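In what follows, a single structure is set out as structure tokens and then discussed.
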Amino acid sequence: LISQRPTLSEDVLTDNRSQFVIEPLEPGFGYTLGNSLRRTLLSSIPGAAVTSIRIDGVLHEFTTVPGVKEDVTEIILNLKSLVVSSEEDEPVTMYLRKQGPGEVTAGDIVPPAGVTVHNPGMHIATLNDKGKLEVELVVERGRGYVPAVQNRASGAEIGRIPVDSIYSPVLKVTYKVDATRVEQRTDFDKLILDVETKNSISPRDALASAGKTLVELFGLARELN
Amino acid sequence: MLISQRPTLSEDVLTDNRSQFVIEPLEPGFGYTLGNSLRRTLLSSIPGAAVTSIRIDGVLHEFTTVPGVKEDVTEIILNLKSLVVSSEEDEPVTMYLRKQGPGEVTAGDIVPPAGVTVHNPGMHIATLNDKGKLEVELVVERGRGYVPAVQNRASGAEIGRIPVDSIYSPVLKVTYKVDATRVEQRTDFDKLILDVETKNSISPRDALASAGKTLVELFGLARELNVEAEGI
Amino acid sequence: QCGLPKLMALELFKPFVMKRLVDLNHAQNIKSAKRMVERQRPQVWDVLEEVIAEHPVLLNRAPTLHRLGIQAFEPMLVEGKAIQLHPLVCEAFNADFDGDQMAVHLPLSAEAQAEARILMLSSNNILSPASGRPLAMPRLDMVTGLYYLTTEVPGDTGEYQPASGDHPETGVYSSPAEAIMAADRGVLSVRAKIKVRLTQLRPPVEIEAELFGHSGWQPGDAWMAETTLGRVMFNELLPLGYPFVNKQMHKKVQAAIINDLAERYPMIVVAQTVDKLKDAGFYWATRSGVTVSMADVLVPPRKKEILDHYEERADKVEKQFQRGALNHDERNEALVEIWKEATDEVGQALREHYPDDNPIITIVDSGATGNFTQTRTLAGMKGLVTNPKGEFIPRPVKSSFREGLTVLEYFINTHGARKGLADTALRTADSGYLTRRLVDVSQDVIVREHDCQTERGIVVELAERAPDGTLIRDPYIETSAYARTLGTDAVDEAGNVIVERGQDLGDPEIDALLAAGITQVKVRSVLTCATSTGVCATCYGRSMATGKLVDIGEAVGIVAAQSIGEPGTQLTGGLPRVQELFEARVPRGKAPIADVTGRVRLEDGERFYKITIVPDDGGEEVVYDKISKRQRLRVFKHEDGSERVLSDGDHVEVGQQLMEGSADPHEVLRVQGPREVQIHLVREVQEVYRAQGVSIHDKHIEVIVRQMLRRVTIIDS
Amino acid sequence: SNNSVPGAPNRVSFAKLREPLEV
Amino acid sequence: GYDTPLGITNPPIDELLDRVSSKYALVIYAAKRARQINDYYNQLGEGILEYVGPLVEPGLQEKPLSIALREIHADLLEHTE
Amino acid sequence: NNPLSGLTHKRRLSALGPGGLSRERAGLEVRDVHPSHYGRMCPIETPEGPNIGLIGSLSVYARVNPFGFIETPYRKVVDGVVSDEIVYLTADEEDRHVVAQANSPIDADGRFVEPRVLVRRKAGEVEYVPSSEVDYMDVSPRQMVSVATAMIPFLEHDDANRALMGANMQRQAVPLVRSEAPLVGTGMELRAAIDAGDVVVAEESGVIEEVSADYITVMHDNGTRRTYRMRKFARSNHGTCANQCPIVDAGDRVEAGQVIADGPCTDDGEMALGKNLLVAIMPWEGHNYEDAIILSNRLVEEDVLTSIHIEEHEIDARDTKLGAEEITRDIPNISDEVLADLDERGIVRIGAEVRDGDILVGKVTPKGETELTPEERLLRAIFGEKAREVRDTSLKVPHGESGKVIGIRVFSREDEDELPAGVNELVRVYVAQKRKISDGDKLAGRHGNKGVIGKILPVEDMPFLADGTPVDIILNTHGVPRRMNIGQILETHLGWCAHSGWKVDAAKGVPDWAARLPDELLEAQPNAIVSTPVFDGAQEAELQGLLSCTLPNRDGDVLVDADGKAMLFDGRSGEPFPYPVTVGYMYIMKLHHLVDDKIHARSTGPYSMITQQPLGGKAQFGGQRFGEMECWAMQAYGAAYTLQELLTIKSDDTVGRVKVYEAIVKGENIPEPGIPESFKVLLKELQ
Amino acid sequence: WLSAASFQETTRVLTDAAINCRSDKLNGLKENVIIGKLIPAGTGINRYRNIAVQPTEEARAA
RNA sequence: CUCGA
Ligand SMILES: [Zn+2]
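Protein chains in written order, with the entry's author numbering: chain Z, 2 to 226; chain U, 1 to 232; chain P, 440 to 1011, 1026 to 1170; chain Y, 28 to 50; chain L, 28 to 108; chain H, 443 to 1129; chain A, 1220 to 1281.
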């Protein structure tokens, strides 16, 4: 019973889901490795989201736009589903102008250089003959979840409508292990990590970011006193 | 992402082979993520050496009592299991322990073949009765963690050899808890506390450094996939 | 400790924050410092942490029934807007977490902070001042969690196996750390019986004697034990040097340990030990698999057979009512006893059918929460429900809540449910009214003297003698004998005295008199304390909260009043009986008494009842007149037969109860004296509280009766 | 089906008893 | 023979009840000495006849109640009932 | 609070008032349930405070005759035969007959299956009786309960105590931003929402001509057009958000009496008092200790339990003795930075976010010269600011309020607006806050299972299922078998079966547990909606059978067992939990008992002019009352100085409280308490 | 009479108090609570109240 | 008046 260095090999299921098998691991070790990766994936994977918006005809969330079926609050809730990635890592502005009739989707948004919309078919609003929607969208880049930044804390003036930003690009992470409990000289655990993302990044890119996160973090125990 | 700086490691030395380590401050909630991982890495992934099986002369089909000594069979197995030993050879190594006459046996009264080292020569093993003699053979192997005695059934020859639980791991008991520490204004940041009690084979410092090296390599398997960005 | 919101602390410590904002030069003057706190400038959150440092606060939850309704804590700045309360003080406040609110009060002066730090701190008030038993103990999830790991499971994996064949003994570990590594890999179970060599736990005093005995066990010495790994982990929590306990940790077992820890070990050890029990209990309650599902609600197997047998007997009593052989008032009482016997057979059919692994049984049988009568209503049957009249309905609710009540079954159930909630408001009103009456009558009773020196006391029934021999422990030891102090040396048959006069009756010092054969002690009482205004400390005894002699100046009168008024929420005798006693009313029972000892002259008829007594010495016959509706109490006649129904010729003593009921305490005074009528009032009140599951020490009841007999009337000027 | 009178969503009822009179 | 007292439980409430006759007497002992320490910190810059300073070494920004409670534990004070 | 609370309030029956009875003149007999209340007044829905029994809710099918008595419908039984003929009977009319229970076994023709059936008789007698004796029978099982009581699924499995709290707390639900209809329902939610009057129903059949967030236009068949205007972000009586949203689109044929738009707590026309949450029944590290609740942070990130609240603030400019109060931006000794959110009139502008203490309306009142403090007149001289004869009386945001200004309403006597005599201007400012679920907010279910939020862990900390989906709420197990509310357990089971779906084995016939179930129930799709009518609905035999045939997930694996439990993983360590845990979906409601309102603290502030004691109530910025019982607790401890401190310098000591505040800001010691001003008043009253 | 007038029958106690012209010695818990004195119990009794604290002559250099 | 423990 001696060491064999563990191996990690990737298996793909869809364009935004991949399974990762890591073997061989010590008995009882697979569950804790799968957790530490799931914990880091669901929280500390970099991504971009919309910080604040600005609709011309409105001054706060609690109002309506003429001709559109959804109120500003419901429009913002639909915009919370938007998935976006940015190369700038600095505040940058998206724009959206659409005249009714017809439906405004995420594809109707014109993103600046660096950022891009990953689901152009998401419903945003329904416009009739009298409906006109003109929206600015500030997109920053962070990680995890940050609530809407206050207007007293920011320099944003009255017209700006802050929104909650969900920066995490991973959607669902789980794991299972297969323990080799046959009473013999050789026992080992095989971890099967399952990662699903939101088309912003591929699953192996997310696991790589969690890999560099934990390599950097566990490197604190290696330095002596 | 964003920078997360100032995580430090401090050590408080309780005994020479038991220390407390504090990782402070960690982001919420990384204290629990690398908490159970550091413990299981210490307890199950550090190479060490321990006794695999023993064989007592005069004990064949009984295993109830050894004549000439006060301790019975299982009591001998217990204080033999706690014998701390280190080896430079990966393959199994057989040692012999023999002493006659009334007196006391110790782990220093053992004769160690070249490459192995007994770190607790003063450990009591058995009390020798008047005109008492004790011969016993020990099997030392390298390994990691804790392996039950049942899996060592094949290591023993069909001649009065008994397998024992192998405490390969150099650390004995590790516990961890997570508290809270405020760096600036928010109090959500975690503080991890590790309490490791180890044998005299290595100090708690090197045991933690060994677990850190193996873990950086472990998550290095995932880091090598893309080498993307992430705040330090 | 307690967690209070940051926004609360800023306004609560506002002037102190303004003081430090102007000291550290975050603000120019105190005026702008006020504007900084009102505007909540980011510097105040760093400053506020310095301010609240070791500055205690007072937490309060109304109704403030007893003194533990307000306790002091160390504030800890927490985010959010809710107050974070410790789980162990939940019993003292009677605080559940279903929307409750608490008040916070900040002591300003140095004396006020010191009173909170020493007198009102939650860690310095673990015991109930009313009974002396702990309150900050594992109570709900914690007791279940400890009950989990301290369970011995036979077929559990990793168990011990005797040496047989070629393999030696299986399941003996050299160190508890090895047993931990075994359970980590998955070989050993935390609840499996094994043999472990222990090196940092004192063995039981039974086996410590045979191993060492001459010298106490030493930290480092080894010994073998036949416990489970969890039982070892449990014993690690209690302090080093405490005798190992290999029992299954029921709530009664944990309360007994903590009570012994409060008697022997100091306060700070008890507070830190129960904090360990709290953390450990919650950890293993999380991993005890305690869960409620429809599958875990097991229904009685003979549910149909049992109800059909009693539907048969109910149909026969209904047919015995069709022919007119049973009165209408008797048919209801006949069916009531049929369904009362039916609900007992369904409850017994559930106790044996339910395994001990089922979480619903593990919750009730571990002392966590809930009765088995709740589990019977849960799975078996609701039983006889009460209508707004009071008597039980002649038809029971046969369906269980797992099965589903019918429309009419639910409708008749709401009758008793609504009036049960309705009268609870009136019963609490009369309870709090009696409470504030008891407060004003004993508000000025203070301990002003150390010892009034009066050798007077009273005899306490330490134990009851058995006819065959040996002794039987009296049920009134806890409330009438423990925590007392002696006023007369206890003498057995030998000339040696077991316990000196003036010694606080501890737990072993009661077994010293128990094993000595003596069954009666004369103890100092607050009744006999001859002091001008207050009472002396030696006659009071052990302060139940402090576990030691009461300090001079402690308002024992208000503590006694709260101790009686707090449980008054739950009564039926009952609550009006308690008011009949404390107000010195001519009772409803109006039982007669023997004014003179002598011979009984029973002249009973049917039109009425008249009884005379020939005085045993001189005097003349004393004639009474009583209604035949009462019945005579079985008086302990001189024949030593307690069940001697009072017939003519019995030898009754002076002041002996004749017929059953409640003797007029006004007349008890003018017969036996003030000393005896005080004893009558004490244990008569105690009978009403004992008959409800409430243990109040007789000390507190005696403090009230001392104030009822402080005045005398004037016959001649 | 439950309440197929105004055009509401189709909620499926575990109904063994018919409703003779509507609310 | 106990774990290290953390926070407001230090000094231990058990050892403090030894240098004093009762719970109520320790309150007045600590409070009146805490007022002496507080008057020293507020009359250190002005005036003579300033009250006796802290007998033990104080911690940074330590409350005078905690300083007085430690020197009561350290047997540096007297009393008069 | 919600549409249900309004509908219940309109159907309330109160014994109190003129001509009825006084609260002091009402014994335990007027309040308890009477056998004549069957089908007329609900025996469950009633407050548990001092008004118990005195306030009832009218039963569902009940009605009032022109005499004043309450009639309830019954099915006339001719000759032991159930007839569809229905007649309303009064109370004494009901006593002149005997009626059979609603759940009586009945032949398809109408004859009773058993000769002896459970029958109610005069004076509250329940007994079996021949089938040829039944004169009438009940219409529906829920005939005796109120509308809110009829909305509790599996009500027959809950005791009357927790059932009362369940119906009383359903009226306390808060309208959320978005609303979800419950998976486990009773059918009553539809009619309760429509009859409440907070939705928008089409009067006449037609097609949708134009639909907007502002209004809906319907083109009728005859040719006329009717336009319904939506009530958007309107403040209710209790500060909740009344917001209507259109449902139909452009060109949708809609029948008469159909919901074309629904308001607060409504989803597709049904009462949506809460959300469907994934629940696990297990203790979790003590954070859910006796009735405490642990929540997933997902409910915060996704606004699941986020609600809109609106507060009304008002101030007026009057004519005073020395001039007239004027609303102006010019406020003495205030920077241009605080006044930055104000327009040129001194009013906060629409859309500006305001914290507590921010100025909403800038009003100044002229104060006389003879009313000045000696220090204030010196302070006025040492700053050279003449002509400041006015003081600040502006409308500021109260403590604990924060949100966006959504509307302003100005009324001016100058502009023909009729104000009360002596007023020159009136301004109302509407502030709306977006309240996410917070620690301590009071949640509750439909079975009287209530509790405050004890801890909101991160989504990764939550115990998650086999496929990584974390649970939303962790309910403690200990607070389940005490309360006798097994309905929450049965709702959790049926809640999961609705979430996943089921398929009964059709081969070899219909199984023996699903023989009573309708054919519509044999197959279900994920996220299906179901009804469990009160005293009818799902039985445990069918619920046990549904758990055995739960639909698999997208991967094809069945997460929950036939027992209803599932294997969970500890998100904090990674090791799976040692035993399976009951996991399903439960309908949780956000009650109007939030810490954002219920938190309060006070250093100093206003004092009652007469008694010189601190004010009462949070709105008046008052202090807590250290009552009579609390003083007994101080004396029992022996804490004399704390008691003297509470009753003197911290309360009604006029000079002591000021010198204490000075002693704190100076760093000095706390001075000696004086004489209470309240005791001075007592003496002057005895005189 | 002050401890009684705050308990029950306020008018009945105040009438007999002014007729008998009773003078109340303010030495009681309920009375001192009303007037604001230290209650004569616990830390309020003269044994613990009037107490002088002085440092022992052993003092530090500074 | 209505509700919360
Ligand atoms: Zn005495």
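Virtual Cβ for every residue (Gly too), placed ideally from N, Cα, C.
**Request:** Using a Cβ cut-off of 7 Å, pull out every chain H residue sitting near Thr1229/A, in sequence order please.
**Result:** Correct list: empty, because the minimum Cβ distance to chain H is about 11 Å.
**Prompt:** Going by other Cβ atoms of all chains shown within 10 Å of its Cβ, with 16 needed for buried, is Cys1240/A buried or exposed?
**Reply:** Under the 10 Å beta carbon count, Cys1240/A is surrounded by fewer than 16 other beta carbons and is classified as exposed.
**Prompt:** Mind checking if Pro148/U is an interface residue toward chain P, Cβ cutoff 8 Å exclusive?
**Reply:** With 8 Å as the cut-off, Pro148/U counts as an interface residue toward chain P.
**Request:** Taking the CB atoms as reference points, tell me whether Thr488/H and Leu606/H lie closer together than 8 Å.
**Result:** For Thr488/H and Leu606/H, yes; Cβs fall inside 8 Å.
**Request:** Say whether the region 613-628 of chain H touches the region 745-753 of chain H, bearing in mind that this needs 3 or more beta-carbon pairs closer than 8 Å, one atom from each stretch.
**Result:** Yes: at least three Cβ pairs fall under 8 Å.
**Request:** Answer yes or no: do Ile99/L and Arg1268/A have a C-beta to C-beta separation smaller than 8 Å?
**Result:** Not closer than 8 Å, so no.
**Asked** Just by C-beta distance, which residues in the region 540-563 of chain H are closer than 8 Å to chain Y?
**Response** Listed in sequence order: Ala544 and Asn545.
**Asked** From the beta carbon of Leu1248/A, is the nearest beta carbon of chain H less than 8 Å away?
**Response** Taking Cβ atoms only, chain H reaches closer than 8 Å to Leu1248/A, which makes this a yes.
**Asked** Given a threshold of 16 other Cβ atoms within 10 Å of its Cβ, counted over all protein chains shown, does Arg1087/P qualify as buried or as exposed?
**Response** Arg1087/P comes out exposed.
**Item:** Residue from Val476/P, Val886/P, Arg1136/P and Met559/P whose Cα sits closest to the Cα of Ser1148/P
**Value:** Selected option, being the one with the closest Cα: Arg1136/P.
**Item:** Proximal residues, the region 884-913 of chain P versus chain A, C-beta separation under 7 Å
**Value:** When CB distances to chain A are screened at a threshold of 7 Å, the residues of the region 884-913 of chain P falling below it are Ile885, in chain order.
**Interface flag, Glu647/P vs chain L, CB-CB below 8 Å** = Not an interface residue.
**Item:** Members of the region 1066-1084 of chain H near chain L, C-beta cut-off 7 Å
**Value:** Hits within the stretch, in order: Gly1080.
**Prompt:** Helix, strand or coil: how does DSSP classify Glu903/P here?
**Reply:** In the three-state reduction of the DSSP assignment, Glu903/P falls in the strand class.
**Item:** C-beta contact flag for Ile1041/H and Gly845/H at 8 Å
**Value:** Cβ distance not < 8 Å, so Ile1041/H and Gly845/H don't count as in contact.
**Integer-rounded CB distance, given that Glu71/Z should sit under 8 Å from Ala157/Z** = That pair is no contact at about 23 Å.
**Backbone secondary structure at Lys133/Z - three-state DSSP** = In this structure, DSSP gives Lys133/Z an extended state, which the three-state scheme calls strand.
**Message:** At the level of alpha carbons, what is the spacing between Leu60/U and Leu78/U?
**Reply:** Whole-angstrom Cα-Cα distance: 19 Å.
**Asked** Can you tell which of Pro947/P, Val960/P, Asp595/P and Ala902/P has its C-alpha closest to the C-alpha of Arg940/P?
**Response** Of the listed residues, the one whose Cα sits closest to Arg940/P is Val960/P.
**Partner residues on chain P for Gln88/L, Cβ-Cβ distance less than 8 Å** = Result: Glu489 and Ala492.
**Asked** Going by alpha carbons, who is nearest to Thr15/Z out of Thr198/Z, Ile23/Z and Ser53/Z?
**Response** Proximity to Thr15/Z across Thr198/Z, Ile23/Z and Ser53/Z peaks at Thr198/Z, based on C-alpha coordinates.
**Request:** Establish whether the CB of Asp130/U and some CB of chain P are separated by less than 8 Å.
**Result:** Interface criterion not met: the Cβ of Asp130/U is under 8 Å from no Cβ in chain P.
**Message:** So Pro688/H contacts chain Z; which residues on that side make the cut at Cβ distance below 8 Å?
**Reply:** Under the 8 Å cutoff, chain Z gives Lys70.
**Request:** For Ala466/P, collect the residues of the same chain with a Cβ closer than 6 Å to its Cβ; drop the 5 residues on either side in sequence, then sort them by chain order.
**Result:** Once the five neighbours on either side are set aside, the close Cβ partners of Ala466/P are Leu460, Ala472 and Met475.
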